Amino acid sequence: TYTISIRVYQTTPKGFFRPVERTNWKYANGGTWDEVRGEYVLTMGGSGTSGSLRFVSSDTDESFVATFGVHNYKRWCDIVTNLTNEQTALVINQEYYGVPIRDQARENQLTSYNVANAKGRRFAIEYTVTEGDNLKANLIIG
C-alpha cells in the first residue's frame, strides 16, 4: 500500500485557490482520497495508478490539475494549467494512460515538477519523501 500525503502552500495573497475536485484512476485496484491532519492523502493498493486534484481561483480566473502516482515502483507527478472548461480532473487524470505527451510525463517519474500559466503564475510539486510506502509532497502555488 502506497500513500502520497500532500501539503498545499499558497505563497501569495494574490488570488485564492480552492479545492474543487479529486479523482482516482482505475488501475491497480483504484485508490482513495482522504483529508488527514490538514493534508490531502492519496492511498493506492500498489504501483501503476494515480489520482488528481483540481484547484480554482475564481477571483483571477485561474486553475490547475495536479496529478500524483506511482509508475514501476517510482513516484511521478505532473501539473496541467491553462485549462479549458472541458478539462476537469476527471478528464486530465485519464490522459496519463493513452495520450503520448501525458504518458511521457508519467514515465519521467519526477520527484519535482513546475509549470506556469499564461498569466505568469507558477505551480510546483515537490516530493519531500521520494522513497518507500509513505511518500510526501508539497504542492506550491506561486
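Residue positions are given as counts along the sequence shown, with the first one as 1.
Asker: Averaging only over Cα atoms, indicate whether 50 to 58 or 109 to 117 has the higher B-factor in the PDB entry.
Answerer: Going by the record's values, the stretch with the higher mean is 109 to 117.
Asker: If you average the CA temperature factors as listed in the entry, which stretch comes out higher, 31 to 39 or 96 to 104?
Answerer: Averaged over C-alpha atoms, the B-factors run higher in 96 to 104.
Asker: Based on the deposited C-alpha B factors for this chain, I'd like to know if residue 67 is in the lowest, middle or highest third.
Answerer: Answer is lowest: the recorded C-alpha B-factor places it there.
Asker: For the chain shown, is the CA B-factor of residue 90 in the lowest, middle or highest third of its modelled residues?
Answerer: Lowest third.
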